[PDB]
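Protein chains in written order, with PDB author numbering: chain D, 1 to 298; chain B, 1 to 298; chain C, 3 to 298; chain A, 1 to 298.
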Amino acid sequence: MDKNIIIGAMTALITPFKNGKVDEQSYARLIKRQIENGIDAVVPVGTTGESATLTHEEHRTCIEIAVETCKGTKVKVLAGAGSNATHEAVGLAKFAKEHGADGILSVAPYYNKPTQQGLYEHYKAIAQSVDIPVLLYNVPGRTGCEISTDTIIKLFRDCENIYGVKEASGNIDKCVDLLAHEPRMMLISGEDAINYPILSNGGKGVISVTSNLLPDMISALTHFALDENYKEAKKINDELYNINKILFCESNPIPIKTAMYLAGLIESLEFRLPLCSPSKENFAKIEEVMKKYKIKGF
Amino acid sequence: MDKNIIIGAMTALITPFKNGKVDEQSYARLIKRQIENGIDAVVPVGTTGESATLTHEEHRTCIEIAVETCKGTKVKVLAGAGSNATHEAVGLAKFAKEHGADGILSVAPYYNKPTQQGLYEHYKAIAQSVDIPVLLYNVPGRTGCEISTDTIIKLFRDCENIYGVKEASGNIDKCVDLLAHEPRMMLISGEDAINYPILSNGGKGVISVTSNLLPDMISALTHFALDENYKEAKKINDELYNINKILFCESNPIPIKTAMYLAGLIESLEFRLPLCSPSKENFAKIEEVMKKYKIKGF
Amino acid sequence: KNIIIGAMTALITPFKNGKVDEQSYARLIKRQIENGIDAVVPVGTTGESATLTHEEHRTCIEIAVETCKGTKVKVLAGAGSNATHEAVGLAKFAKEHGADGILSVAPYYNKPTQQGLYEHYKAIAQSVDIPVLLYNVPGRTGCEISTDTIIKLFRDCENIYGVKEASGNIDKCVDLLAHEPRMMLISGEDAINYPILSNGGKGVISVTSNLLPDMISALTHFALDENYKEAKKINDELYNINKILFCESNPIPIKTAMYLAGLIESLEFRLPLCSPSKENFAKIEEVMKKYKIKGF
Amino acid sequence: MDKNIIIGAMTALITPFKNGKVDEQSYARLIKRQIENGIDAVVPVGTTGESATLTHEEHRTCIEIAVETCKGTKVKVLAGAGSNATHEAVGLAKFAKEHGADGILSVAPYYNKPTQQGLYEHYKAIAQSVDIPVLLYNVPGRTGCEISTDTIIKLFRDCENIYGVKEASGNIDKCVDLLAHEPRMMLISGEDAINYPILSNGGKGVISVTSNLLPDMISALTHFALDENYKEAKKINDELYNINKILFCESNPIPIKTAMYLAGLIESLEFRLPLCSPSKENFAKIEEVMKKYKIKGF
Ligand SMILES: [Mg+2]
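Set out below in structure tokens:
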């Protein structure tokens, strides 16, 4: 077999805005900070990057910046490129490739609730359209559908490029199911609070929200775990629980961008509708939780 | 207060394909069939019409065909125009108006899970962009979010054009809450099996899947209920239960397009990925359930 | 069949110094009878069946039977268990104490399969000679009696005559009555009493009626007589109180309301139930002030 | 704080019937088989032991047999003693102590849905009634209520006897929460498929269904994990996934008793209503899954 893979400590990059546009210099600065704090790959325009409200041109711009910023380093770019329309997801995958992405993260179709057969055909079309690695992304709370274990495994076996899945499903039983039946895949944590449990069961990385704020801590947790230093990895996972939970007190990326702004890491607490600022109470909750953590500057 | 409204028996039109393109002649012929069977409005490019996978040029085509076909008739066009990006939902509402729609149906943002404040701001922007009726559309099983009762009522009260909500949420308690607190709105059933309970509680129409296949029966049900002939409305609702439920044995519009094909009302059983044909077992179930109903031809 | 339908009340069970307040219980039942109620349910969920002893179960059923004697009002006794042998025994017990019928909750905790639920209820129904109403409340039991199982039991067992549904699932109510219109669908969810009745439901077993018996009976009887406009008007007026009565697990809010209304002297439960939070206490307090609460 | 504890590999004992009565000779023989296969504690009359349908005399009989069978060995008896009525749960706790149990497993109140405050007072009264260890048992899918992390932690800290919780909630996030905020407690897996993830996060034992059939494999999994031999523990957990899942194809203990019968370990496949035999379909599925496993006799 021997598929090409992108694994390790990875970050679902927030997308900073200034005056309604992507702040490209801030975006670059944030990526450099991830690289300097032990991150192995970055994910431009994932859910956390507000992919839904960026234009396709902004999609390109963000991917190009990530690629340029990672040159001269080992850090890879796993570009968000996914859609609930298969023709669009295919086109997005090819564009990501054309724009220098090392691999793609492709979310399960949201809203239109395809069957498992439909999911198989969707991802097969996507994988056949490019020659770079493809990571599936299961997040049923947002999409309204679940890629089943059987479908994930069938895709992994049938399509050379498809090498694993980012799970954001709060279902450790499924994580056991996946790796028990197909130990060759890369299971990637899409849920910060349970990064350590997923890694300790043989998961091989994380695509993290929390790492935007605490890249050094997420990187350490991940690399301790990858080395079977489980006591060390669990210690950081336990320490991170409070922040990992508060970062979801309202829908991601509302709390993470709020945190980045509070920390002085971005200049404006600005979103695109229908996302908006958190409630005053949640703003204050996030602020208090942060005080317990050492937040790396630039 | 005296809002412009679009109510009564309405159909979420399927979109027929032929060789990967919208079958334009067939779409017109299906709409004419709805008109001739007592339907009060049609909804081009809703969920049932595969809005997700149609291009923006195709949305335009479908809306224009609906508008042309209903011209010279009492039938209104409530065009699907909705997005999880507020800038895009505004654009699409303006476009729908420009192509002659009488009103728009605007789905709650899917996938990105805005907060109630976000939803308020989203819909306020959409309502402010046009001068035609706007019906909200709540379908949490597909979007991952819920427009709360309070948000819906605030939108109804604050925004001239917003006149009610299509509820597809299996939640009769919420239907009670909505009409007990704001009896002036138009609550529309987006769930065929429970059309009668929604209407008998003061709901004022349906946006129906089943009516694609059985337009005369849905329109009769609806009109009886609006005339307070609950006995006759319930009789048809009970008779329709079997078909109403089998049309969701797989994600809509997979079963309804299967039925339309079986009835000889569309030429090709064809979807756009990630949607695809049903399993052999479900196909057979749909075929058998159909036998109990009289299906109108052209 | 032989049936018990109409407006019915899931009686709360008042405590004083950790004992069933037998005086109070009789008095509260009298108050239900005098406010248009068609039947009472001693020792249902609302009655804290879980924490009463078998002797107290007997006592409440006896007091209900006695208070309704000579009156039009029937007693549909709570008599259910997650052990079939015990549910059979409680059914016989209820009939012995002169109940007109029993309300029998789906087994909680042990999650029997549909085949198991059928055998459970078949065993009970074949054991006594009085009406049996199934009672489906998946949020509390961890299982659901499916439409197919409910219909099969109704068709197969002469004395099983319907189901109390507490499942927030109007689709299922349509399913049940479309496929088997002869059964008695009974609302176990006050906020949606009107939608269940308007689809051909034939009664309610109500929590709210403890506090507002006249309004719940009025609503029910208007709907049974097809005055939907008046039934809906009352269902709408009741929504706020109907919702606040579940702000914490029933019967915590209804006992709180009965206490605040001066209808019971003490706000006493049996553990593990206990008084509501301060925030919820106050909410209940304020919601009640929009309603006329009848005294004795 | 030096709490007394009962941890390690533990079995929720099935209760065999013969001619409608507890088969006492079979029960003793089944317990001896557990002891001889590396089990550290047995749980008579838990959920798996059909506590709901046993009479109180039968509870006494099962506890007495477990107690007697464990004499002369290190194996402990953690007796099921719980109820949804606090007065009865107190009574059962005392009765378990009197019949020689080393500790009690006490299920959250089912059916009546107590609030967090009610749960606190429930378990506080239970803990004050005896001087032996008390393990909480959270199983929301069966009880309709959840003991929150805050409540479990408050009980652990406030009540000398309460030493931990058996979690059967499919919620590894909550397992993280519990041990991150209160590392001194004994988190026990009540969900076989996820035994390894719970143990690798610092859980200290399992109360197992699967161990009825495969006590040596569950014992080895547990002891490898407790020694931080995570590779070896995970390997068994993976191997066991298929049997762990099929043992819940119908409500436990229906599949486990079916497996014991198929294995020749009990003489009849007998339940007390409302429990009953599995479908013929599921009977066959269980039989097929077992073929892959080595099963020890007596
Ligand atoms: Mg016109």
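The beta carbon of each residue, even a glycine, is placed where N, CA and C say it ideally should be.
Taking the straight line between their C-alpha atoms, what separation do you get for residue i and residue j?
i                      : j      : result
D:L178                 : B:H56  : 38 Å
C:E24                  : C:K257 : 16 Å
B:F95                  : B:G103 : 11 Å
D:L187                 : D:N201 : 9 Å
B:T143                 : B:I194 : 20 Å
A:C70                  : D:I286 : 52 Å
B:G170                 : B:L247 : 15 Å
A:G264                 : A:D192 : 22 Å
A:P253                 : D:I147 : 30 Å
C:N244                 : B:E182 : 17 Å
B:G82                  : B:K21  : 22 Å
B:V289                 : B:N242 : 7 Å
A:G8                   : A:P133 : 14 Å
A:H59                  : D:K234 : 40 Å
C:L30                  : B:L155 : 44 Å
C:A41                  : C:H223 : 13 Å
D:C249                 : D:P278 : 9 Å
B:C175                 : C:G38  : 28 Å
residue 314 of chain B : B:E50  : In the structure displayed, chain B extends from 1 to 298; residue 314 of chain B sits before or after that span and is not available.
B:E64                  : C:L119 : 55 Å
C:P255                 : D:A28  : 56 Å
Decide if residue i is buried, meaning its Cβ has at least 16 other Cβ atoms within 10 Å, or exposed.
i      : result
C:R272 : buried
A:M1   : exposed
C:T115 : buried
B:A284 : exposed
A:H87  : exposed
C:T149 : buried
A:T61  : buried
A:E167 : buried
D:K204 : buried
B:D216 : buried
D:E281 : exposed
C:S268 : exposed
D:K292 : exposed
D:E36  : exposed
A:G297 : exposed
D:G141 : exposed
D:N161 : buried
My understanding is that residue i touches residue j, with C-beta atoms under 8 Å, so please give their C-beta distance in whole angstroms.
i      : j      : result
A:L135 : A:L221 : About 20 Å separates the two Cβ atoms, so there is no contact after all.
C:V139 : C:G190 : 7 Å
B:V75  : B:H99  : Their Cβ separation, rounded to whole angstroms, is 16 Å, which puts B:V75 and B:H99 out of contact at 8 Å.
D:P109 : B:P109 : About 16 Å; that fails the 8 Å criterion.
C:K113 : A:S251 : 4 Å
C:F17  : C:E239 : Not really, about 31 Å apart at Cβ, beyond 8 Å.
A:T53  : C:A85  : 4 Å
### Message
Measuring CB atoms only, is the region 122-136 of chain B touching the region 83-103 of chain B, in the sense that at least three cross pairs come out at less than 8 Å?
### Response
yes
### Message
Can you confirm whether the region 194-213 of chain D touches the region 10-22 of chain D when touching is taken to mean that 3 or more C-beta pairs between the two stretches lie within less than 8 Å?
### Response
Output reads yes: the region 194-213 of chain D touches the region 10-22 of chain D.
### Members of the region 170-199 of chain A that neighbour chain D once the beta carbon cut-off is set at 8 Å
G170, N171, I172, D173, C175, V176, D177, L179, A180, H181, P183, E191, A193, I194, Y196 and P197
### Message
By the 9 Å beta-carbon criterion, what residues does the region 225-246 of chain A contribute toward chain D?
### Response
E228, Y230, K231, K234, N237, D238, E239, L240, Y241, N242, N244 and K245
### Task
Count the CB pairs spanning the region 222-234 of chain C and the region 46-55 of chain C that are closer than 8 Å, and state whether there are at least three.
Touching, no.
### Task
Report the residues of the region 244-270 of chain A with a CB closer than 9 Å to any CB of chain D, ordered along the chain.
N244 and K245
### Task
Using a Cβ-Cβ cut-off of less than 8 Å, give me the residues of the region 111-131 of chain D that come near chain B, in sequence order.
The residues in question are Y111, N112, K113, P114, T115, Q117, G118, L119, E121, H122 and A125.
### Query
What are the residues of the region 89-110 of chain A that lie near chain C, defined by any Cβ-Cβ distance shorter than 7 Å?
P109 and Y110
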